[PDB]
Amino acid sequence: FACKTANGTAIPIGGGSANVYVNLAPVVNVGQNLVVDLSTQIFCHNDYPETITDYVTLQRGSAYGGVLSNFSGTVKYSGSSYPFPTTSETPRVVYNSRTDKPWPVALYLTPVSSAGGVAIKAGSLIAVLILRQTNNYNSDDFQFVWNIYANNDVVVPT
């Protein structure tokens, strides 16, 4: 089991960390969502699907910077929704193929009332999503840590 990003880097077998940049709508109002869909960017695969089944959860989601300070959030993981920042590890998703399959995670972020002006700075860390991977074969239990960075400023119209 390993993962890689759409158009950049990889986390190899055994886990590790990687930095991911996301495009964000440049203007969002109170009551509207920024949708950050990571399933078009993070892809994982099972390296031995014939003998091993891999299990993948969103172990934890954390907010940082302007997201932590200026937005309220939910996370969608494989068809279900949760508070973001998360309050516990999610059910698991099965990886059973050598073909790349998306990691099905998306954030829905909505500005809080106190947000106004540049609520998220270009280049700043906005979230960390931890992918935890185990299997039905041995005691492997690995973390794939995705630091999510804002590509651009996001403005909440005052």
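One rule holds for the numbers: they count along the sequence shown, beginning at 1.
The stretch with the higher mean CA B factor, choosing between 140 to 148 and 6 to 14, is 6 to 14. Taking only CA atoms, the mean B-factor in the PDB entry is higher for 48 to 56 than for the other of 87 to 95 and 48 to 56. Between the residues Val118, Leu129, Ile42, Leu125, the entry's highest C-alpha temperature factor is the one at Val118. Comparing the listed residues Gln133, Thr110, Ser114, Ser62, the entry records the largest Cα B-factor for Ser114. In the PDB entry, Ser72 places in the highest third of its chain by CA B-factor.
Among the modelled residues of its chain, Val20 has a C-alpha B-factor that falls in the lowest third, as given in the PDB entry. Ranked against the other modelled residues of its chain, the C-alpha B-factor of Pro104 as given in the entry falls in the lowest third.
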